[PDB]
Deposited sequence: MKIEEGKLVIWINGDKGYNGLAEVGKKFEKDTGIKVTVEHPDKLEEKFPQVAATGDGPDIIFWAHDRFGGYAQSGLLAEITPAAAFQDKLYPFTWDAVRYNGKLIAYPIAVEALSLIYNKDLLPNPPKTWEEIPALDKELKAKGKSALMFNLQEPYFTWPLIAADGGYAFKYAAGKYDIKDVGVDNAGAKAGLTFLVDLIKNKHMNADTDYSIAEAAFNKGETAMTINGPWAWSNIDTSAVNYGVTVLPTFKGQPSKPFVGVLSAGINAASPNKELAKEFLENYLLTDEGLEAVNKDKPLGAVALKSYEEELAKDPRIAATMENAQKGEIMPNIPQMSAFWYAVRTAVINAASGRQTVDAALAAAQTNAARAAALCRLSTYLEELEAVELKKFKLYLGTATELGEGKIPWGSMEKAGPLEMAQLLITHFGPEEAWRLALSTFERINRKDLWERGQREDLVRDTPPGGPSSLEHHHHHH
């Protein structure tokens, strides 16, 4: 589509898209510009595919962790808020949408997972993960269960995996080390082992997912769930009297959720960038605009200071921010999707008994490190001129060890297939050393010097 004089917006289907459509109708009334809100499945995987063809929505909403990869691939317009508009939003929310020094999206709202609990079944929720088996043994006798939440998406199990030490990529000196992946350390093993023990002891079912847990909680069948602010609307409509509180500790350490900033990026290919700017700054990021969305599904702690001051008086929002401060803002680097895919497979395989915890997590660390390295090496090879990539292949065609890389394999391979061949054949660490040295040899000392700086700590 991408037609001029219309805005198309994509937002995930668990968000308040009917409220956002109401903000779109006000824009249309005031300006004559139609706004279409859609919620495609897997919108966050479809956006990079269609935007790289010059198509897609004008505006895309997702948590900020996806946006670095979109920006690195050139799919997002840099946004240009004036100083006066920037002062309307909290400074840490602007940081979450900064990539390579540029603002690449409008931050909307700060999301963190909380422990949600049914006050009639459980007037005093647990402070610890460790007491949840004893607490479930009690509720079973009453015909209930202690805790159901989505085990299919690692976003929901990460708080526990990280509590005693798990991490995605090691952070220091303001930069993330994509070679130092923390999904296989002692603390991650301990958290996932606890989760799987909960399943093997029949306190949880490995196949619980979002809709199952949400239904069970909102029907009064389970005393607790783990969810974000978007889920409160549906509990409000049910008969459940709930509270929202800090996640349980594990081995005495806070559960550490990955905090998302819901963010609106502008497609690089859109011919409507100025209208999208006007819609986001003057209609959405206002008291009325955010109230319209929030009434549909709550946003969490919004980035807009004037509205957030009213929301911050809600103890549910107090709890959301308490959990946020116990966790960490997600990285936005392009390698975050590699981390998430690897962890997702590990948690599903351990929970279903397909693999042990130790083997699931050992494979997740290898998979994440390999995919992260592929991402970086691809990006660098894409910076070679086509004539320099040809010289590169001749250099690597002579690289020894069991067998070499045959000429026909490289002959018509582009930068991504070349990155894959090198990594498949040499492993991530050697693939990168060979490519770095080859950049020096074919006289791209700019790539050589910048690549050297990647691994310095």
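Counting from 1 along the deposited sequence, which stretches lack C-alpha positions? Unmodelled stretches, in sequence order: 1, 403-404, 461-478.
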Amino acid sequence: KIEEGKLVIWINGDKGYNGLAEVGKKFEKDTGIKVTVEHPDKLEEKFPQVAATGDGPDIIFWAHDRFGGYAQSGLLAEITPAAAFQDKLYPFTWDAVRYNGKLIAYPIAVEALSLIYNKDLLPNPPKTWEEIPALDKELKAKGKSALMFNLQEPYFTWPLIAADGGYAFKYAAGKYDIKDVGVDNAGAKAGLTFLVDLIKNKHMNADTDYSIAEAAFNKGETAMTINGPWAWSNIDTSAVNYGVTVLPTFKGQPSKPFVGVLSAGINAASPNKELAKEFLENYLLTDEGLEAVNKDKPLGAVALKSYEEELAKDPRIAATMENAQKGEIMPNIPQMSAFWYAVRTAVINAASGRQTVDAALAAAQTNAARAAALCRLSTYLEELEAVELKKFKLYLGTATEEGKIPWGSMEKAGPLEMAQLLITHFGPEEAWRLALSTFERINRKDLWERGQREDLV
From here on, numbers count along this sequence of modelled residues.
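Using only the Cα atoms and their B-factors as the entry lists them, report which of 262-270 and 126-134 averages higher. Taking the mean C-alpha B-factor of 262-270 and of 126-134, the larger value falls to 126-134.
State which stretch shows the higher mean Cα B factor in the entry: 420-428 or 53-61. Between 420-428 and 53-61, it is 420-428.
In terms of recorded Cα temperature factor, pick the maximum from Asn282, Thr225, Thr345, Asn323. Comparing C-alpha B-factors across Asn282, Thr225, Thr345, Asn323, the top value belongs to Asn282.
Peak C-alpha temperature factor (PDB record), options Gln152, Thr249, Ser378, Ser114: That would be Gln152, according to the entry.
Among modelled residues of the same chain, the CA temperature factor third for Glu44: Lowest third, going by the recorded CA B-factors of the chain.
With respect to C-alpha B-factor, does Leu447 fall in the lowest, middle or highest third of the chain as deposited? Within its chain, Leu447 is a middle-third residue by C-alpha B-factor, going by the deposited values.
Would the CA B-factor of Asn294 place it in the lowest, middle or highest third of its chain? For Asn294, whose C-alpha B-factor we compare with every modelled residue in the chain, the answer is the lowest third.
How does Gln72 rank on Cα B-factor within its chain, lowest, middle or highest third? According to the entry, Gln72 has a C-alpha B-factor in the chain's lowest third.
Taking the chain's C-alpha temperature factors as the reference, tell me which third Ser255 falls into: lowest, middle or highest. Tercile = lowest for this residue's CA B-factor.
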